[PDB]
Number of protein chains: 6
Amino acid sequence: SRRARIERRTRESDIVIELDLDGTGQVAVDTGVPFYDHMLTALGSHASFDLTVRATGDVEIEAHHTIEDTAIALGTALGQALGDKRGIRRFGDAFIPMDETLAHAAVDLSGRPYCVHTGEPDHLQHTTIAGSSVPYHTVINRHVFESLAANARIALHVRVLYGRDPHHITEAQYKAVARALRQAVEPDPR
Amino acid sequence: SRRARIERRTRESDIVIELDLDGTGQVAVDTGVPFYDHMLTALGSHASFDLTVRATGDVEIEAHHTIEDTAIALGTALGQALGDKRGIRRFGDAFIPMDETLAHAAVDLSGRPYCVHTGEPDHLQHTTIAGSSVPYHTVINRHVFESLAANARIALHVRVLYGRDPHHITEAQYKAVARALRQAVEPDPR
Amino acid sequence: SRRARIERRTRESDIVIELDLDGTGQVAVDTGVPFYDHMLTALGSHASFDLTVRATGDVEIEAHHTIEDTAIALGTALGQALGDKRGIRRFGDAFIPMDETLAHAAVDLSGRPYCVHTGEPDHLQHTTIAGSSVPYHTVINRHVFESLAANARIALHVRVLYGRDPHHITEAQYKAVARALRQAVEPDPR
Amino acid sequence: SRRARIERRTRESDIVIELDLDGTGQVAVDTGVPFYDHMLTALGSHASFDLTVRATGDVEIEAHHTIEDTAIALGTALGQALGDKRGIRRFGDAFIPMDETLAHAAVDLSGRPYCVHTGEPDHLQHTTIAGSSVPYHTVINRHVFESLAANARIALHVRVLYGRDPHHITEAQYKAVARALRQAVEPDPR
Amino acid sequence: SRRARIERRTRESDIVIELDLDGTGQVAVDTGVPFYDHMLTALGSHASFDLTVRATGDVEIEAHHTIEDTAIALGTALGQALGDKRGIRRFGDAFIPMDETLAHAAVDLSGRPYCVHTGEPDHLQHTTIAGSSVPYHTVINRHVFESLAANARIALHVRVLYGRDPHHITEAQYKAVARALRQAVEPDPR
Amino acid sequence: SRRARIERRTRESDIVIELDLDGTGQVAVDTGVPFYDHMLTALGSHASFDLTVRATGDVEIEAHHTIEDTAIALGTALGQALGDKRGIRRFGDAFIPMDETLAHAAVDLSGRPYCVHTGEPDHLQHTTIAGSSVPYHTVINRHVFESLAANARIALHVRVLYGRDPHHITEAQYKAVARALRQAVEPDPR
Ligand SMILES: [Mn+2]
Ligand SMILES: [Mn+2]
Ligand SMILES: [Mn+2]
Ligand SMILES: [Mn+2]
Ligand SMILES: [Mn+2]
Ligand SMILES: [Mn+2]
Ligand SMILES: [Mn+2]
Ligand SMILES: [Mn+2]
Ligand SMILES: [Mn+2]
Ligand SMILES: [Mn+2]
Ligand SMILES: [Mn+2]
Ligand SMILES: [Mn+2]
Ligand SMILES: [Mn+2]
Ligand SMILES: [Mn+2]
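Regarding how it was determined, this PDB entry cites X-ray crystallography in its header, along with a resolution of 2.30 Å.

*Asks:* Sorry if this is basic, but what is going on with the overall build of chain A here?
*Replies:* Secondary structure assignment for chain A yields four helices and 10 strands. Written out in order from the N terminus, the α and β elements of chain A read β-β-β-α-β-α-β-β-β-β-β-α-β-α. Relative to the compact-globule value of 16 Å for 190 residues, chain A shows a C-alpha radius of gyration of 15 Å, a close match. For chain A, the C-alpha atoms occupy an extent of roughly 50 × 35 × 30 Å along the three principal directions. Here chain A holds 190 residues, and 58% of them are scored as buried. For chain A, the exposed surface amounts to about 7700 Å²; the carbon and sulfur share of it is 45%. Charged side chains in chain A number 20 positive and 26 negative. The centres of these two groups are separated by 8 Å.

*Asks:* Even after reading the chapter, I still don't get the coordination of the manganese ion (ligand 6), so can you show me in this structure?
*Replies:* A four-donor tetrahedral metal ideally has 109.5 degree angles, and a six-donor octahedral metal ideally has angles of 90 or 180 degrees. All names here are of chain C. Around the manganese ion (ligand 6), the protein contributes the donor atoms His-64 (NE2), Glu-68 (OE) and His-143 (NE2), which lie 2.2 to 2.3 Å from the metal centre. For the manganese ion (ligand 6), the single-chain donor residues occur in sequence as H-x3-E-x74-H. Of this pair, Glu-68 sits in helix α2 (residues 64–82) while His-143 sits in helix α3 (residues 140–152); the two residues are 75 residues apart in sequence, bridging distant segments of the chain.

*Asks:* Can you walk me through the interface of chain C and chain B in this structure?
*Replies:* One frequently used descriptor of interface size is the decrease in accessible area upon assembly of the parts. Contacts between the two partners involve 18 residues from chain C, matched on the other side by 18 residues from chain B. The junction of chain C with chain B conceals about 1500 Å² of combined surface from both sides, 55% of it contributed by carbon and sulfur atoms. Broken down residue by residue, the surface that chain C buries against chain B is led by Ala-130, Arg-164 and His-167 of chain C, which jointly contribute 35%. In this assembly, chain C and chain B are joined by one salt bridge. Joining chain C to chain B, the criterion identifies eight residue pairs in polar contact.

*Asks:* What should I look at first to understand the coordination of the manganese ion (ligand 10) in this one?
*Replies:* Residue and element names in this part refer to chain D. In this structure, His-38 (NE2), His-167 (NE2) and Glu-171 (OE) serve as the protein donors to the manganese ion (ligand 10), at separations of 2.2 to 2.3 Å. Along the chain, the residues that donate to the manganese ion (ligand 10) are spaced as H-x128-H-x3-E. Placement of both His-167 and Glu-171 in helix α4 (residues 166–185) is noted, with a separation of four residues, approximately one turn of the helix.

*Asks:* Could you clarify how one ought to interpret the relation of the copies chain F and chain D in this entry?
*Replies:* Note on the chain copies: they are related by a rotation about an axis and a translation along it. Overlay of chain F on chain D (RMSD 0.0 Å): rotation 120 degrees, translation along the axis 0.0 Å. Accordingly, the operation relating the two chain copies is best matched by a three-fold axis. By residue overlap, the copies meet through two different surfaces: only 6% of the interface positions of chain F are interface positions in chain D.

*Asks:* What am I meant to see in helix α3 (residues 140–152) of chain B here?
*Replies:* The α-helix winds at 3.6 residues per turn, so residues separated by three or four positions along the chain end up facing the same way. All names here are of chain B. Taking 1.5 Å of rise per residue, the 13 residues of α3 would be expected to cover 18 Å, and the 18 Å separating its terminal C-alpha atoms lies within 8% of that figure. For α3, a buried count of 11 out of 13 residues is recorded, marking the element as mostly surrounded by other parts of the structure. Of all the residues in α3, the buried ones are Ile-140, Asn-141, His-143, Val-144, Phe-145, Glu-146, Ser-147, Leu-148, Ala-149, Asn-151 and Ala-152. Just downstream of α3 lies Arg-153, where phi reads positive at about 60 degrees.

*Asks:* Looking at this structure, how should I read the packing of aromatic side chains?
*Replies:* The relation between two aromatic rings is expressed through the spacing of the ring centres and the mutual angle of the planes. Across all of its chains, the model carries 24 aromatic pairs over all chains by this definition. Seen in terms of ring centroids, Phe-35 of chain E and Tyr-136 of chain E are 4.8 Å apart; in terms of plane orientation they differ by 50 degrees. Their pairing is tilted. Of this pair, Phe-35 of chain E sits in helix α1 (residues 34–46) while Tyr-136 of chain E sits in strand β9 (residues 136–137); the two residues are 101 residues apart in sequence, bridging distant segments of the chain. For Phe-35 of chain E, a relative accessible area of 1% gives the class buried. For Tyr-136 of chain E, a relative accessible area of 0% translates into the label buried. Within the aromatic cluster, the residues linked to one another by ring pairs are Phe-35, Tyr-36 and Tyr-136 of chain A.

*Asks:* Hey, could you run me through helix α1 (residues 34–46) of chain B in this one?
*Replies:* All names here are of chain B. When the terminal C-alpha atoms of α1 are compared, their 18 Å separation across 13 residues agrees well with the 18 Å that a helix rising 1.5 Å per residue should span. The complete set of buried residues in α1 reads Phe-35, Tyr-36, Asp-37, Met-39, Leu-40, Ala-42, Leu-43, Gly-44 and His-46. Of the residues trailing α1, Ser-48 is marked for its positive phi of about 60 degrees.

*Asks:* It is not clear to me how the relation of the copies chain C and chain B should be interpreted in this structure. Could you clarify?
*Replies:* Mapping chain C onto chain B is achieved by rotating through 90 degrees and translating by 0.0 Å along the same axis, at an RMSD of 0.0 Å. Such a combination of rotation and displacement between the chain copies is what one expects of a four-fold axis. Little of the interface of chain C is mirrored in chain B, where only 6% of its interface residues again form contacts.

*Asks:* Before we go on, may I ask you to explain the pattern of salt bridges in this structure?
*Replies:* Oppositely charged side chains can form a pair if their charged atoms are brought close together. Throughout the structure, instances matching the rule amount to 82 salt bridges over all chains. Among the ionic pairs, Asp-22 of chain B bridges to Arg-2 of chain B, the shortest N-O distance being 2.8 Å. Linking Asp-22 of chain B in the loop between β2 (13–20) and β3 (27–30) with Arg-2 of chain B in the segment before β1 (3–9), this pair joins segments that are 20 residues apart in sequence. Residue class for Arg-2 of chain B comes out buried when judged on its relative accessible area of 14%. We note a salt bridge from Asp-99 of chain D to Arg-112 of chain F, for which the minimum N-O separation is 3.4 Å. Linking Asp-99 of chain D in the loop between β5 (91–98) and β6 (101–108) with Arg-112 of chain F in the loop between β6 (101–108) and β7 (114–118), this pair reaches from one chain into another. If you follow the salt bridges from partner to partner, you end up with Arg-89, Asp-188 and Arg-190 of chain A together with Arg-182 and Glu-186 of chain B in one network.

*Asks:* Which parts of the structure should I look at to understand the sheet that holds strand β5 (residues 91–98) of chain A?
*Replies:* The strands making up a sheet associate through backbone hydrogen bonding, with each pair oriented either parallel or antiparallel. All names here are of chain A. With mixed pairing, four strands are arranged side by side in an open sheet as β5-β6-β10-β7. If you trace the sheet from one side to the other, it starts and ends with β5 and β7 (114–118), each paired once. Here the strands of the sheet are splayed against their neighbours by 10 degrees on average, with no regard to which way each runs. Two strands pair when backbone bridges link them, and β5 and strand β6 (residues 101–108) are joined in this way by eight bridges, in the antiparallel orientation. Bridge pairing in β6 places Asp-93 opposite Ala-106.

*Asks:* Explain the sheet that holds strand β3 (residues 27–30) of chain F to me, please; I cannot follow it from the model alone.
*Replies:* Residues and elements named next belong to chain F. Read across the sheet, four strands follow the order β1-β2-β4-β3 without closing on themselves; strand pairing throughout is mixed. One side of each edge strand has no neighbouring strand; the edge strands of this open sheet are β1 (3–9) and β3. Taken pair by pair, the neighbouring strands of this sheet meet at an average axis angle of 5 degrees, ignoring direction. Two strands pair when backbone bridges link them, and strand β2 (residues 13–20) and strand β4 (residues 50–57) are joined in this way by eight bridges, in the antiparallel orientation.

*Asks:* Sorry if this is basic, but what is going on with the environment of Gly-32 of chain F here?
*Replies:* Residues and elements named next belong to chain F. Mapped onto the secondary structure, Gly-32 falls in the loop between β3 and α1 (34–46). Residues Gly-32 and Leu-43, spaced 11 residues apart in sequence, show a C-alpha to C-alpha distance of 17 Å. In this structure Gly-32 touches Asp-37, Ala-55, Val-59, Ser-133 and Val-134, once residues within four positions along its chain are discounted.

*Asks:* Hey, could you run me through the packing of helix α3 (residues 140–152) of chain F against helix α4 (residues 166–185) of chain F in this one?
*Replies:* Any two packed helices are characterised by how steeply their axes cross, that is the angle between the axes, and by the distance between the axes. Residue and element names in this part refer to chain F. Two elements in contact, α3 and α4, have axes whose closest approach is 11 Å; the angle formed by their N-to-C orientations is 10 degrees. By the angle between their directions, the pair α3 and α4 is classed as roughly parallel. Facing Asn-141, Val-144 and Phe-145 of α3, the residues of α4 in contact are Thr-170, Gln-173, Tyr-174 and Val-177. Grouping the constituent residues of the contact of α3 with α4 by class yields four nonpolar, three polar and no charged.

*Asks:* Please explain the interface of chain F and chain D as it appears in this structure.
*Replies:* Across the boundary between the two partners, chain F contributes 18 residues, which contact 19 residues of chain D. Ranking the residues of chain F by area buried against chain D places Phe-91, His-157 and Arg-190 of chain F at the top, with a combined share of 44%. At the surface where chain F touches chain D, the tally comes to three salt bridges. In this structure, the salt-bridge partner of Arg-190 of chain F is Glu-186 of chain D, at a minimum N-O distance of 3.8 Å. At the junction of chain F and chain D, the tally comes to six residue pairs in polar contact.

Rules of the game
Residues numbered from 1 in each chain as written, not as in the entry; some residues may be left out. Chains lettered and ligands numbered in written order. Part of a larger assembly, values for the part shown. Heavy atoms only, no water. Helix = DSSP H or I, 4+ residues; strand = E, 2+ residues; numbered from the N terminus. Rg over C-alpha atoms; globule rule 2.2 N^0.38 Å. Buried < 20%, exposed > 50% of the residue type's maximum accessible area, 1.4 Å probe, protein only. Areas by Shrake-Rupley, 256 points an atom, 1.4 Å probe, with all protein chains shown as cover. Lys, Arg positive; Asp, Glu negative; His and termini not counted. Charge placed at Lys NZ, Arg CZ, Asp CG, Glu CD. Donors = N, O, S within 2.8 Å, 3.2 Å for Na, K, Ca; no water. Contact = heavy atoms within 4.5 Å. Buried area = accessible area lost by both parts, 1.4 Å probe. Salt bridge = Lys/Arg side-chain N within 4 Å of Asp/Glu carboxyl O. Polar contact = N/O pair within 3.5 Å; in protein donor to acceptor, adjacent residues only side chain to side chain. Least-squares fit on C-alpha atoms. Expected span 1.5 Å × (residues − 1). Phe/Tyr/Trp six-rings, centres within 6.5 Å; stacked < 30°, edge-to-face > 60°. Pairing = 2+ DSSP bridges. Axes fitted to C-alpha atoms, helices over the stretch in contact; angles between N-to-C directions. Parallel < 35°, antiparallel > 145°, perpendicular 65-115°, else oblique. Nonpolar A, V, L, I, M, F, W, Y, C, P; charged D, E, K, R; others polar.

Spelled out as structure tokens, the structure:
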């Protein structure tokens, strides 16, 4: 009913997205950027979507292009899946406490495309989250949220009230977006 | 069931209000102040009220008296329609993203009459919103929210987290009040 | 007994004033500037004068000249009506709370012509109060009080202790002047 | 002629108020909070009311609820006793010097419900006035004046110009309200 | 179904807690500290729990130990009653306007034990709330929220956005925790 | 009825005071300090007293001792003339605009002896008012008001809100005291 399959082939990367807005958290994400995978998994799960993200890109350069194309593709999927947006709550918001971190997100699904991202500590503009694979530069958080809002055609305001740990700050934000989205997309019985 | 008709005749103006708390957004507002109409329409609609506002006043002086009498009358209607306030959610809140603006409202419907309005940029104390008709001075926003809370006998806290455009700042606030109200008035199944 | 009729014909405007100091608030003001009318009505009423103000002027330029000629004419009327000022209270003062606003006025009716106006928020130097007619620039408040004091030959000190709304700030001041005047003009039984 | 009997039964407390606006200072106050009693006695006396306040409440918690219910009940009594407010002075104000303290109050009895409380030294936000009985936290001063104004439907502005002693600061304020009220409620011979 | 009985015997105090998460606000609290009772009653009621708290302690020293043991015991009860936390909303938040005060709370019920308490005015670090019985030092607010979160094994973030009255600041916080908790514990139909 | 004759013989000076509180402004002052005479004349006149002040002192030193003994003697006269202070207004206040100056005074006639003098520009601490005779050092203003309050056993608060001219600042203050006194001493019909 509220589904979308988006394929996005660029010079930089290759994306397939399958999205059901009315899902049960059946989520599989594989972008070649394992922390991004973890964030998008949290996103799909906490928004109660069913979501498959499969992506390959110029990860030898860094994660930027792949992260960005995926977020654009995902936004496009969200917009198409929403259709005419009839009889939905439209507005949604969620607070996410994650240890010392508090993040928040608010959405207007029928509002014109817009993103404002505030409150994220300055050290995230140059922080790297790195494991045994391709690393994730947290400076991209903003870029992800902007690409989502611009391609879904929605108003998306994301806040960090406070926080210290970059993994917590980042995850709380993604989870915040997820549950704001979840509340917004739900049918309104009025 | 939860309805009220209020007539308010002053020297300055003439108000009729018809209010159903359990409506479907059937809203008709005509106060002779077209931006106020637009705000009260957004209010009635987003609160899921059925609302008729019909008002005429000394608009040759300016909109103040008409805007104020209407808000008093509307508050009085809200209070009467609420009755004894039995088995309702009582507390409500809503975030409204509107482009660059984020506004918020929280209500306690059984709390004593009180209004606090914070965060609105300073230039709204002397901003005019003007078309081909009677203009709207945004300095009145505060006055409207105070008159509502005082005459409905409710706690109403309205915040602007940030914003630039006076139409957006103002509308987000009215919409914020509306959805905070909507959540609060709903029956609680507990 | 304490009456005066003043006619004032200038190039800019045309004023007729009828003033009874010992009135009952029978007040009719028509200057072509509806907010000024509202202020002068509050003035006449709250001072317990009987007052007729009829004025036409170069309102296509703006209200300044008409507002100013009227205030001069009204001051002249006040002075003439007062006569030799024998056996009157002479001193008067009044506090006017108007919602968030507190204004105050003090007068010495036998003191030499003098006006001091303090405490009015800065944004009133460029605020406009506008309806469906000729607008009122609040920067003129000072000018009105000065013209009154200078032409009535009285000491008039007008204060705003605090306030936010320009309509409230302005009206409280006019009402403050009115009741200060009322107390001052009353016969002293000593 | 201008009387009211108000009974107020809440979960927190039990209030009976008998009020004659045109009294001779026949005042009896018993709320279980002896400093509050002393303040309300000063209020009734200095306003030249005849006043009986009898109150019992959850004073084991602290005085807040009892103090608040009493002030609400008293405000309601003031409003009802005032009736249509015909031919009264309407405006009133009073300065109260009390040793090193100067306090002031101004009222508009026909003005919409509003309270502004300014100038009280910061240490009163956490000062306790304590004897052999239930103590009085001066932070409640504001709360009392707000409850009065809101339930009497009057404009009430209360100022401390300066002061040091918390008993003096508090008492001067209550006395200030009292005499402002007294002047306002008096018949106007005009 | 979601119940717990906790007995806690320390050298300092003696606590029995009975908790039903799926209650109707049947709440009875008796700790020998009447303001604490009032706060815990508001907590149980506004969270829609059924709650019995019975506590005796070394109240001759002061309320600290009793307040702390009770909060630990209550946290332990909350954790046990929650069980495996299957199919619940998990996240919850609530704004509480209480006159001039605005407080907020957000919870993650499956998040690791953590508490952050911000925004409470400085004077609450040394404010006493006192009646005819054992007094309540508001500096303990933090301590209560920390003990709750640590023993329930939950993330609990409590904010005061602003406020003046210590009774209002404190109560709004407890009520905020209550409704955040209520939303979080509710079954999720997804 | 309310009269007093006070004789005060010190080493420094010689004072006779005759005071009728219920006078018509029949005032004769001769202290050998002509500006003091002018101030005390304004005082007696504006308070509607009948007052005779006759004083000689060590004016070769300067006016201080004579000014001070006279003010003490006058205070003593005021206190004795007031008697038991039965059925009087008790509280009084007056604003005095004098050109650019605004001064104010408030009194409590039954309050314990106290004086607070604020707002007087700093240059009055070393300003001299001089003619063809014995000069007047304005630093004495404070001293006069203190001696009055201490010897009349009254609360007397004197303010300068603003002012420039030392003759105006000083005279407005004396006149302010006078009319505050006048209002206070008047019979209260309640
Ligand atoms: Mn990019
Ligand atoms: Mn993680
Ligand atoms: Mn208004
Ligand atoms: Mn917030
Ligand atoms: Mn719009
Ligand atoms: Mn001019
Ligand atoms: Mn003042
Ligand atoms: Mn008006
Ligand atoms: Mn309260
Ligand atoms: Mn006392
Ligand atoms: Mn401890
Ligand atoms: Mn309480
Ligand atoms: Mn000396
Ligand atoms: Mn002079």
